[PDB]
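Single-structure report; data block below.
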Amino acid sequence: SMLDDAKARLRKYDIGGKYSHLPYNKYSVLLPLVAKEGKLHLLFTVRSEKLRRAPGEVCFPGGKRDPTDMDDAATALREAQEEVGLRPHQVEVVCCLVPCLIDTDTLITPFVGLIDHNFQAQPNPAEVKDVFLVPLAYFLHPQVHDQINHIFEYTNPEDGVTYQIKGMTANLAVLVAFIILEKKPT
Ligand SMILES: Cc1ccc(-c2ccccc2N2CCCC2=O)cc1
């Protein structure tokens, strides 16, 4: 099936906890995969302007590890719950993708999660000003704008609203799309 096929593809790129004990400032993100209308989508946030870390930006749910977290996946899940109301029973963490090194002292670990079909986002306005889906296939043929660096523009056909997706978030979206959608019969 579509979902078993995605999970089987993703597991081949799992690095596990290989880089998880290194002495960095540690953050995790959740790359939430949602199946709608027979296709896979990624769930994105627009972060509140009030935040210190990446205000107003399109991002994945996530944040800084704290002492309560059993592991890096727990960080991602705790933060996704705080930001969009995603509960533990509503997500299956499938793998840990290659981490992102930044600022010389920080490691951001991405986890891909399969989201239950009855989940409905409840944006927490203290954390996020918006939550939106993008079909995974978009990232194979994105609308690119050069700001010099590459920015994606996605327009939601439901309402005509345009979102700018850039940096780490854009890079990870492309990675997940390649992993799941490459070399597929029609
Ligand atoms: C959810 C999340 C998780 C981590 C970070 C983050 C942390 C330390 C340095 C840079 C970071 N990043 C990544 C995307 C843009 C940005 O400012 C920001 C947001």
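Residue 1 is the first one shown; counting continues down the chain.
Each residue, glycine too, has its Cβ placed from N, Cα and C.
The following features are taken from Swiss-Prot:
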- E79, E83: Mg(2+) binding site (BINDING)
- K7: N6-succinyllysine (MOD_RES)
- 64-85: motif 'Nudix box' (MOTIF)
- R53: site 'Important for coenzyme A binding' (SITE)
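Ligand 1 lies under 6 Å from the Cβ of the following recorded positions, listed in sequence order from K7, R53, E79, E83: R53.
Two residues, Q147 and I148, bracket 10 residues absent from the model, and the distance between their Cα atoms is 6 angstrom. The two recorded residues, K7 (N6-succinyllysine) and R53 (site 'Important for coenzyme A binding'), have Cα atoms 31 Å apart. Counting other CB atoms no more than 10 Å from each candidate's CB, the recorded positions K7, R53 peak at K7. In sequence order, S28, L30, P61, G62, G63 make up the list of same-chain residues 6 or more apart from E79 (Mg(2+) binding site) whose Cβ falls under 8 Å from its Cβ.
With respect to their backbone Cα atoms, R53 (site 'Important for coenzyme A binding') and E83 (Mg(2+) binding site) stand 14 Å from each other. For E83 (Mg(2+) binding site), the same-chain residues lying six or more positions away in sequence with a CB closer than 8 A to its CB are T45, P61, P123, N124, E127, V128.
In terms of DSSP secondary structure, the motif 'Nudix box' (64-85) contains 13 helix, 1 strand, 8 coil.
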